[PDB]
There are 2 protein chains.
Amino acid sequence: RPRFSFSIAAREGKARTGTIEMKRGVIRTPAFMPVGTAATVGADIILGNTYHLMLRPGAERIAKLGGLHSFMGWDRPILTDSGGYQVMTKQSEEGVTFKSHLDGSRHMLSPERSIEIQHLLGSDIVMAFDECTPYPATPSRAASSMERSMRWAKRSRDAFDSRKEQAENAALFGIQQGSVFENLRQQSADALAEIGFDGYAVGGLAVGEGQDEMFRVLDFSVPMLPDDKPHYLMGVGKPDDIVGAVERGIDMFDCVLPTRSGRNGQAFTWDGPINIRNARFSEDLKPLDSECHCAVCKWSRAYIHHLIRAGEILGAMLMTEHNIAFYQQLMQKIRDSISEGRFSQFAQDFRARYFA
Amino acid sequence: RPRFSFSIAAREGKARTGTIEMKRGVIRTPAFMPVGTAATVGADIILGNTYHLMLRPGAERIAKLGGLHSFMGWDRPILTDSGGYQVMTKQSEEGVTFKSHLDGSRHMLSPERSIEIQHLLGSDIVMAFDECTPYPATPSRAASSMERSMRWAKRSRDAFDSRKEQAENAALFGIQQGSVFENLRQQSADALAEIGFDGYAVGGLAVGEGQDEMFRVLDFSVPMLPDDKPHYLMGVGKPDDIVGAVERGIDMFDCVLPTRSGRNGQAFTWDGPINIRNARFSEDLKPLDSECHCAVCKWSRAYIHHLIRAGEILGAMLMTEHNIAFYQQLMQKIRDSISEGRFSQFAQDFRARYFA
Ligand SMILES: Nc1nc2c(CCc3ccccc3)c3nc[nH]c3cc2c(=O)[nH]1
Ligand SMILES: Nc1nc2c(CCc3ccccc3)c3nc[nH]c3cc2c(=O)[nH]1
Ligand SMILES: [Zn+2]
Ligand SMILES: [Zn+2]
């Protein structure tokens, strides 16, 4: 396999389905990328949590232990974020400084240090070091923030290219910013394409703007990115957010929801989310989702309800496994429907059932 | 398979190894019986938690859902306790009354109601309704308590025999009491044998007495029980407690330790218990136990350490899976060594390593 090759196998409207080939494995797109620590080692790529890892146990320590693949027992691709979003504290053109709440140790984050940390973690897809602009933002502040992120994007590119093992075996994604403003999104896309990256992320969304505004921003933002490269929407999202983002040309997704909801009693089903702790499930013998193929859907809603209400860790684990599996089944149905030219119909059918 | 058949295949000293045949499966002895809600569905029999189940969701509701086997997705034998130990509040010759902290509902427990609840749960091994005598106890109070438990044992026998489906398909164990007093233990054993049960439990231990006292009580108590029937030590115990109890003729065990320790960072290993949260494991690449065959022993001590320190539910789940698996590997090595006539040597080797 090559270091990085993205090929589009089928299209329907703005939606695409295809593959990213990397040395450690093939990623089927559109892809959902789950938190790597969420369950036992389906997903083609998992996330490492750069910000958490640089605090505990530290990037150098992870490298001493053989890198994240050996550490987590996962030999397929891993994507890491650049760490600044999670941090953001004192910011400047050099980077961000912050104090660890874990032990008071001081940490600097800069484009160069972010790339170095991700190199030490051994991730396969490295994110440029950006500034996630807060929402809402004025045009002036969004522009200043986006401009700093583009200078940091070039510094991330150079730092990545200066590490031969990283340049030859990993891939680097640039991150578009610009808040909700079309002209800043265009300026950011042009700056990123002039630098050149392996894939392009749409950053600065899933920050509280709501689905309508998010879709409006995707409508003009995704076409600004190189069509022949993967498009990664960071932090998105609920199942209906994912369907609509694929309809707007997104290829890759991550979201805290499947694992967070799995810890707070919420299960995703084709009939929408349910809170399994509710008394209405105490005698419900149907599996979590009727059509779900996951291992949990052996276990009834009644039993999972019981486990969670009883405080048993098994309950939260089964809920999390189901949610992660549901997201991957969603992505499989998206990929198959695009490939078969029936994605528009799938999206309509999905939304009628999910919101009924 | 018969309703109940216990056969002893080999002996070494007071230790025995063999099988209990029941309609739903064969139980290899000496057996460890794990909490059924502890992990996904090795163990030959699991425990139901009668006291918890009669409060949530209620025995009638479990029966409406098809009984515990269907509810928990476990088609092999299940043992249930009689519920009074866990309850013990107002006590009398009729039984015990108590108020549920969950919803203030009033509940009575009597020998008849305890047997009925266990019938509704559908368990395969039913415990007689006893009074677990507190420790320490005076001879007079231990005697009064033991005498009440023997009257309740006969009432449990009669209630069990009056339910044809239970009498024909389940088994009933009587529970020896008498605190630490040899003459009361003898009186209790004689009373139970005159009633007649399928197996005999040694109750009233693992209540704070310490291993020396527990072994002293087993030394004279286990020989009082019918030799050709299984001997169940309730609530025991740490791995070294189990080894010494097998050396004294016990066939069946249950204990909260594997799951409790799995939730508080403690892992059982052949080199003794370790607290995985300790910083000394942050860079330890060895699996939880070096010789352990469980699935966790793919994962290093360093990674499990990280997961638990990071608050990830996956960490507690892997710890619990390892501990349950370690207990079953312990029981397998006990059974094999007795069968091969090398159990005395195994016990010596186990204790030298476990306490080194
Ligand atoms: N670098 C960066 N990360 C974002 C994340 C975290 C994604 C991430 C990837 C991999 C691991 C953890 C987190 C966002 N989450 C929601 N909205 C987000 C926006 C951004 C953004 O603009 N920039
Ligand atoms: N009925 C009874 N139970 C006991 C338990 C719970 C065993 C149990 C079995 C199955 C499920 C839950 C609990 C004890 N636990 C520690 N020491 C114990 C003593 C007794 C006892 O004397 N009587
Ligand atoms: Zn499922
Ligand atoms: Zn193990």
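All values below come from the heavy atoms of this structure, side chains included, with hydrogens, waters and symmetry mates left out. Lettering of chains follows the sequences in order, A, B, ..., and the numbering in each one begins at 1.
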Exercise for the section: State whether the side chain of B:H69 and the backbone N or O of B:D75 hold a donor-acceptor pair below 3.5 Å, judged by distance alone. Expected result: no
Practice task
Provide the closest heavy-atom pair for A:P223 versus A:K14 in the form atom of the first, atom of the second, distance.
Solution key: CG-NZ, 3.7 Å
Handout entry: Side-chain heavy atoms of A:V202 within contact of A:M234, under 4.5 Å
Key = no
Handout entry: N/O donor-acceptor pair under 3.5 Å between A:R335 side chain and A:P30 backbone
Key = yes
Exercise for the section: Identify the two heavy atoms, one from A:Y232 and one from A:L79, that lie closest to each other, and give their separation to 0.1 Å. Expected result: CE2-CD1, 3.8 Å
Practice task
Using a 4.5 Å cut-off on heavy atoms from C-beta on, say whether the side chain of A:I78 contacts that of A:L47.
Solution key: no
Exercise for the section: For the pair A:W74 (side chain) and A:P77 (backbone), establish whether a donor and an acceptor sit closer than 3.5 Å, ignoring hydrogens and angles. Expected result: yes
Fill in the blank from the handout: In short, A:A15 meets A:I338 closest at the heavy-atom pair CB-CD1, 3.8 Å
Exercise for the section: Kindly say whether the aromatic ring centers of B:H322 and B:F268 come within a distance under 6.0 Å. Expected result: no
Exercise for the section: Take A:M127 and A:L172, measure what side-chain contact (heavy atoms from CB on, under 4.5 Å) needs, and give me the verdict at the end. Expected result: CA-CA 6 Å; A:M127 300 308 295; A:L172 182 64; over 6 Å; no
Practice task
Determine, for A:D271 against A:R353, whether the closest basic-nitrogen to carboxylate-oxygen distance falls under 4.0 angstrom.
Solution key: yes
Exercise for the section: Indicate yes or no: at least one non-hydrogen side-chain atom of A:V180 is less than 4.5 angstrom from one of A:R216. Expected result: yes
Problem - Candidate list A:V236, A:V222, A:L225, A:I242, test side chain to side chain contact (heavy atoms under 4.5 Å, CB included), partner A:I250, passing option - result: A:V222
Problem - Any donor-acceptor pair under 3.5 Å from A:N323 side chain to A:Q266 backbone - result: yes
Exercise for the section: Of all the heavy-atom pairs spanning A:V207 and A:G204, show the shortest one and how long it is. Expected result: CG2-O, 3.4 Å
Exercise for the section: Using a 4.5 Å cut-off on heavy atoms from C-beta on, say whether the side chain of A:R16 contacts that of A:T29. Expected result: no
Handout entry: CD-CG distance between B:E60 and B:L121, expressed to the nearest 0.5 angstrom
Key = 10.0 Å
Practice task
Might you work through the side-chain hydrogen bond (donor to acceptor under 3.5 Å, both in side chains) test for A:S179 and A:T133, ending with a clear yes or no?
Solution key: CA-CA 6 Å; A:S179 187; A:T133 309; over 6 Å; no
Exercise for the section: Would you mind reporting whether B:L318 and B:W299 have side-chain heavy atoms less than 4.5 Å apart? Expected result: yes
Practice task
Find out whether A:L109 and A:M54 are in side-chain contact, i.e. whether some heavy atom of one side chain is under 4.5 Å from a heavy atom of the other.
Solution key: yes
Practice task
Check step by step if side-chain contact (heavy atoms from CB on, under 4.5 Å) holds for B:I46 and B:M72.
Solution key: CA-CA 10 Å; B:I46 61 172; B:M72 302 175 65; 3.7 Å; yes
Problem - Donor-acceptor under 3.5 Å (B:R301 side chain, B:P287 main chain) - result: yes
Practice task
Kindly write out the residues that satisfy side chain to side chain contact (heavy atoms under 4.5 Å, CB included) with A:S149, not counting sequence neighbours, or none if the list is empty.
Solution key: A:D130, A:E131, A:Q177
Exercise for the section: Could you check if a side-chain atom of B:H306 sits within less than 4.5 angstrom of a side-chain atom of A:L53, using non-hydrogen atoms only? Expected result: yes
Handout entry: Interatomic distance, A:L288 atom CG to A:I276 atom CD1 [nearest 0.5 angstrom]
Key = 5.0 Å
Practice task
Starting at SG of A:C132, measure out to CD of A:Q86 and round the result to the nearest 0.5 Å.
Solution key: 9.5 Å
Handout entry: Ring centroid separation A:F173 to A:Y200 under 6.0 Å
Key = no
Practice task
Grab the two heavy atoms, one from A:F32 and one from A:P258, that are nearest each other, plus how far apart they are.
Solution key: CZ-CG, 3.7 Å
Practice task
Check for a donor-acceptor pair, side chain of A:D251 on one end and backbone N or O of A:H231 on the other, with a separation under 3.5 Å.
Solution key: yes
Exercise for the section: Determine, step by step, whether A:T19 and A:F6 satisfy the side-chain contact (heavy atoms from CB on, under 4.5 Å) criterion, reporting the C-alpha distance in whole Å, the side-chain angles of both residues, the deciding distance to 0.1 Å, and the verdict. Expected result: CA-CA 6 Å; A:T19 49; A:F6 178 56; over 6 Å; no
Exercise for the section: Would you confirm whether A:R185, through its side chain, and A:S221, through its main-chain N or O, come within 3.5 Å as a donor-acceptor pair? Expected result: no
Practice task
For residues A:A171 and A:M22, report the shortest heavy-atom separation together with the two atoms involved.
Solution key: CB-CE, 4.1 Å
Exercise for the section: Look at the side chain of A:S114 and the backbone N and O of A:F129, then say whether any donor-acceptor pair between them is shorter than 3.5 Å. Expected result: no
Handout entry: A:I62 side, atom CD1; A:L120 side, atom CG - distance, nearest 0.5 Å
Key = 10.0 Å
Exercise for the section: Carefully, step by step, assess A:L218 and A:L233 under the rule side-chain contact (heavy atoms from CB on, under 4.5 Å). Expected result: CA-CA 9 Å; A:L218 293 180; A:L233 181 55; 3.8 Å; yes
Practice task
Check for a donor-acceptor pair, side chain of B:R309 on one end and backbone N or O of B:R277 on the other, with a separation under 3.5 Å.
Solution key: yes
Completion exercise
Separation between CG (B:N275) and CZ (B:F281), nearest 0.5 Å, reads 7.5 Å
Practice task
Look only at the side chain of A:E12 and the backbone of A:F343, and say whether a donor-acceptor pair between them is shorter than 3.5 Å.
Solution key: yes
Problem - Salt bridge A:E247-A:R351, side-chain N to carboxylate O under 4.0 Å - result: yes
Problem - Residues that A:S123 engages under side chain to side chain donor-acceptor pair (under 3.5 Å), provided they are two or more places apart - result: A:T80
Exercise for the section: Walk me through it: do B:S100 and B:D103 pass the test side-chain hydrogen bond (donor to acceptor under 3.5 Å, both in side chains)? Expected result: CA-CA 6 Å; B:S100 166; B:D103 56 3; 3.1 Å; yes
Practice task
Check whether any side-chain heavy atom of A:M33 sits under 4.5 Å from a side-chain heavy atom of A:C255, and report yes or no.
Solution key: no
Handout entry: Pairwise distance OG1(A:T50) to CD1(A:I117) - rounded to 0.5 angstrom
Key = 7.5 Å
